[PDB]
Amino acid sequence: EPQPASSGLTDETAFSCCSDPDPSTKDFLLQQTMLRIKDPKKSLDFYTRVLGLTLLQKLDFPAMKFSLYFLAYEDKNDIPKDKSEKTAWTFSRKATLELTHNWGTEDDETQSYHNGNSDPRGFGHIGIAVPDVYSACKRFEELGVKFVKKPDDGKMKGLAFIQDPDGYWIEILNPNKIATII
């Protein structure tokens, strides 16, 4: 029953590669995903205004000439005012997006970041779960967002991919509708 190896893993092989978690890893949290961004204006506007994330915090590194922007689906009225307080909070949020701006890249017409979906491949995308793919995407269209895959294109109806201003892919999906699609 181990599959032909041009056929992928059986459930058995796969599951048997899984161990229950060591109890010292309880309380571990998947806190952030870092993406490099060419232009923090385009990017902050895309993630806050279009996608509805809240800018939790900005960190500056004047020596090393770069800034970090931390965004998440969080209530602004939860963001601490105090500096240290604010940082501990931000960095204890789950499911956060860290955007790294290297100074000057916005003026560099020669410069662009690679989105991982052409050679050499790796990272693919982040994805947002929404209650209605078609209504969200209709608004995205209204707001000038660029699409990789419209919700109705292809076999997978009801799932979409849009680009952020650096070309990074963002999946848009409805958890109550995925099982129909697959």
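C-alpha atoms forming the largest set that superposes within 1.5 Å between two forms make up the rigid core. Residue positions are given as counts along the sequence shown, with the first one as 1.
The rigid core fit leaves 15-23 as the farther-lying stretch in 5 other deposited structures of this protein, judged by Cα positions and set against 15-23 and 162-170. Averaged over structures and residues, the CA distance from the shown form in 5 other deposited structures of this protein after a core fit is larger for 151-159, of the two stretches 151-159 and 24-32. Comparing the deposited coordinates for 169-177 and 154-162, the stretch with the larger average C-alpha B-factor is 154-162. Stretches 126-134 and 111-119 differ in mean C-alpha B factor, with the higher average recorded for 111-119. You'll see in the entry that, of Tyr69, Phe147, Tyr47, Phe61, the Cα B factor peaks at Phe61. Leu99: CA B factor in the middle third of modelled residues in this chain (values from the PDB entry).
Per-chain ranking of the deposited C-alpha B factor places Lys65 in the highest third.
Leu143: CA B factor lies in the highest third for its chain, per the PDB record.
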